[PDB]
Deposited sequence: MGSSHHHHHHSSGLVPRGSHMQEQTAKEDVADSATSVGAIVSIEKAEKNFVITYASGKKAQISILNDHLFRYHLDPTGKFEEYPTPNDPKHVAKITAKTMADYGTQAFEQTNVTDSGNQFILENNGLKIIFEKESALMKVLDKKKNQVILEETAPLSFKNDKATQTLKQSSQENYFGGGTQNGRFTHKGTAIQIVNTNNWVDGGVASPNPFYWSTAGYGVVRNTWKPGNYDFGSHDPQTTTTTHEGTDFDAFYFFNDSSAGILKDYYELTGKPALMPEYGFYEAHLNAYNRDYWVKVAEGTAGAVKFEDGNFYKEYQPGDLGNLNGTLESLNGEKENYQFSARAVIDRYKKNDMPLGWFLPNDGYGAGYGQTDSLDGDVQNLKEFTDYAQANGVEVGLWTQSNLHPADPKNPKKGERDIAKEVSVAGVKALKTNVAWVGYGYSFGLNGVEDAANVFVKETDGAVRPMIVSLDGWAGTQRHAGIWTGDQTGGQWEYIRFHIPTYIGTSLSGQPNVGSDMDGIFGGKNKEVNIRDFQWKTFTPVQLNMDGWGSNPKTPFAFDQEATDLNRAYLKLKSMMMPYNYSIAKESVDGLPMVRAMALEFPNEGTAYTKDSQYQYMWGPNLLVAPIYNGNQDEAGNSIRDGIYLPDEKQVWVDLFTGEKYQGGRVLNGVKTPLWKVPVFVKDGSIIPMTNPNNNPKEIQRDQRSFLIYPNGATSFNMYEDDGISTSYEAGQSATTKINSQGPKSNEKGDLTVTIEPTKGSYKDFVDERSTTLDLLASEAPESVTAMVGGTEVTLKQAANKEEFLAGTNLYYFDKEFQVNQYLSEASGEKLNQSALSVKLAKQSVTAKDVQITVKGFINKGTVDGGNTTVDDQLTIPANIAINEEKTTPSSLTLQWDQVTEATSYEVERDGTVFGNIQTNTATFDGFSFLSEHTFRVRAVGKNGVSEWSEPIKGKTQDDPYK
């Protein structure tokens, strides 16, 4: 410990703190709510921490201290105020007790102490520990990909390159955490650490990293978006994936292995298009067997075993496919020639075939990406410059055998790789890198996948949902995983459920070749295949919404949003009551099926569906069924065909035609699925979908406003689409417009203004007239949000919608204003009467393992509904914990008093 503070002096560029021991710290003020504190026992105070190898030159920060400017520092004063030294600017008071040396930070906007040290920095055992106050309602997020977890109050997390891909591990650590008090901290170190959020004293948080340096950035902000924007300004804004990255990929090795003809029912046998069964062998495992060697292009009397054959299967099965890695396998390679250049030419011919099918090609790596002599490569070396420039590769996956060292290694590797994609293509290809073993800053170059786990079991879904939520809260919005796992399989229900929820997530990897069955969306029976296709096509139709929330994630909230990001005023949104559900952007609440519990009919039973906000109507995306917020629903029956997805009434959801890749999208059309509820808005983002030009302002945005009656009420609706702002390569100006307005009755009238000139709308007599015509409206009681799902489920899934179509116009030169008189979208709302009713009435010790004796129950101040009998069970409790309950009855004029 460094003892009392003897002085704080304002030097040329920072405040210098001298402690009684002779040790010094520098405080650098970067803006009115961000400062760096650096206690350096060496007295060198160099700008950057020492990495694990001097060749690791990529930095945690993406913005230098100098880049922030001197203005906040100029406008910060140091005062000697009795028992304290105080640094003060317009944003913060940073207060130091002289004798104890303890720091606390007052946020001047809030006029509240946000961060307070309760014990001095500790440097024992070659570690640097900070000890902070923890308040009773204070919650904590971050730490990177904390497998299984998102909300850290009362727990410790390891900030370690664990190389552990399952529940309880850390696939990708990040020395970044933030507090709901309104602060975030990046420890400016490459060393591992451990953050203890009061797992001992609930009133104490400790943060530890290896080393004797204490260097940290502290940022104070009153919104979660603001905390993440501070982290992004400091360590780099997330890369925006190219459009094709949001589509499922196929990953395997097609250069190395043999297929041996075997009997049907042989262990590991797979049936092929010749009607025969084969078993796959690595060359070292053939022994005396003869088999057919795989290749990428199927040029060697081996076509069905080739990478091209796999692309042909995705197309035959009418499945979306964005990108393909054909060298994903140890020592597999991408050519069977005697030279690197021979192999690159083989990969080029594969890329030409894939691109002719609307598929991009990526490469896996287990190694460095450059030859020892780039001008004289050896067979089996890698050359990412030639792979990109000659073979047309656009994406990269970094395997743990490359980046497994962690910390400064990974960031160096992905920064170099991102630079090669951009430099070799002159900016025509933006990075598409999937990695792990990341650190602070990784998001600016790469997304992560969670590593290797076993699918075909419910645990595969259960631990992944919080994994994705916590990755996103750590400043990494580009998160993905294997579709039904790299290992295991042979469980149809888990396969369908994994394709269902991952529709509403960024990255989907069919990681093939290691499992109990091949890894494709068409590996199970026709029912599974049709359901997986229906969900994959829904993601394709949602790409304008998805790419808009992706753009928001570059400098704002992530795509997978913890409930607390959208509903910060509700306690339930911060706890494990929110571990198995999330907001996919602002408009969709996703509550995946994650266990095998079923009703007598074989429907999944979903417990703990948390619907926020007692004033908010939630609408079943598939059926139109309406639910009141402010409640947690238990016992929700969910058929195999269905995943629980609720639209936030008010939502505008930009949509497109179903498509198997970005080249199949109709760029001369736009379409909006709108659930009118008061005054709502959406900003639709677009760009060339592939280049770095979005970073130089080549992109366009379109604002859509919906101004109507509140949920279930009748009145005027105005939908306005403001003129499109911006331009980019091959921008399409002339587009037709479709509005699909969920509605319960035909309107009194529908009128249209296009750039201030009236357009006459005819009422279509029938759906056939509507589909074939333009400048029409139609009130449709057979509106299907997803016809693939109607056909796959065997249910019509009909909804009522007022649809409007306008002819092609210039989207830049002319706005759209549509006015509907007598607009109404009314249905019965489950829990719709939230008032208290005076006219309404009001522990079973036997099966404690708790059960009390329709109805609602408050459990620790959280309200549970859909309780349709006198009794109800609440599980998910600690072995010998205590809880607090009361009950009320539910009738058509409201709910009783409690108890």
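- Stretches of the deposited sequence left without coordinates are 1 to 35, 878 to 882, 890 to 892, 897 to 904, 951 to 963, in sequence order.
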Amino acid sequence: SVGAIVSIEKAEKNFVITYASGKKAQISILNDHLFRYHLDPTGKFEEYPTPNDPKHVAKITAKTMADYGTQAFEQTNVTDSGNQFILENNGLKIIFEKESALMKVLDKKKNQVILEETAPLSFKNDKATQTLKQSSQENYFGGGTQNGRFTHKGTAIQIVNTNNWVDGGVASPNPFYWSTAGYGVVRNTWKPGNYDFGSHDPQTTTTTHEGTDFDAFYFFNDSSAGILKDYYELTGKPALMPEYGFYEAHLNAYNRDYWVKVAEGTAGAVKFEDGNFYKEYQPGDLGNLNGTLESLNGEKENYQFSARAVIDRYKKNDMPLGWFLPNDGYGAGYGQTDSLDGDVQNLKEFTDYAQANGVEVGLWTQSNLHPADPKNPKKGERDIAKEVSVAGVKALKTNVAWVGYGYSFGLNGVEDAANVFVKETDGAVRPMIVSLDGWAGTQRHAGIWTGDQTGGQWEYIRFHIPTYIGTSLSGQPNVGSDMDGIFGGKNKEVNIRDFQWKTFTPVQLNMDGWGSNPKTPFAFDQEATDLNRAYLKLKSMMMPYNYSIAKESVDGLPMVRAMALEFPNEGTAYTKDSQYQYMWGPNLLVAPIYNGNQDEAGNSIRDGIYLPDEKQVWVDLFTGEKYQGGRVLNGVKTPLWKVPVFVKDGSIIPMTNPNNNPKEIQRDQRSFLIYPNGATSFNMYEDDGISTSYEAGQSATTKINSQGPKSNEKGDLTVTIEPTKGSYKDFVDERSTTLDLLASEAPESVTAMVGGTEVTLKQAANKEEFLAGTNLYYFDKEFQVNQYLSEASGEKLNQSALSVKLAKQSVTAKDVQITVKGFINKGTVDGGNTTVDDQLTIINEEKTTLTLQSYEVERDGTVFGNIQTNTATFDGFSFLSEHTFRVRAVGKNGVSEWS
From here on, numbers count along this sequence of modelled residues.
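- Across the two stretches, 761 to 769 and 138 to 146, the PDB entry reports the greater mean Cα temperature factor for 761 to 769.
- Between 542 to 550 and 72 to 80, the higher mean Cα B-factor belongs to 72 to 80.
- The PDB entry assigns its highest CA temperature factor, among 528, 742, 185, 813, to 813.
- Out of 455, 654, 441, 377, it is 377 whose C-alpha atom has the highest B-factor in the PDB entry.
- Annotation for residue 513: C-alpha temperature factor in the lowest third relative to the rest of the modelled chain, per the entry.
- Ranked by Cα temperature factor within the chain, residue 589 sits in the lowest third according to the deposited record.
- The PDB entry assigns residue 301 a C-alpha temperature factor belonging to the middle third of its chain's modelled residues.
- In the PDB entry, a CA B factor belonging to the middle third of its chain's modelled residues is recorded for residue 607.
- In this PDB entry, the Cα temperature factor of residue 237 sits in the bottom third of its chain's modelled residues, the lowest group.
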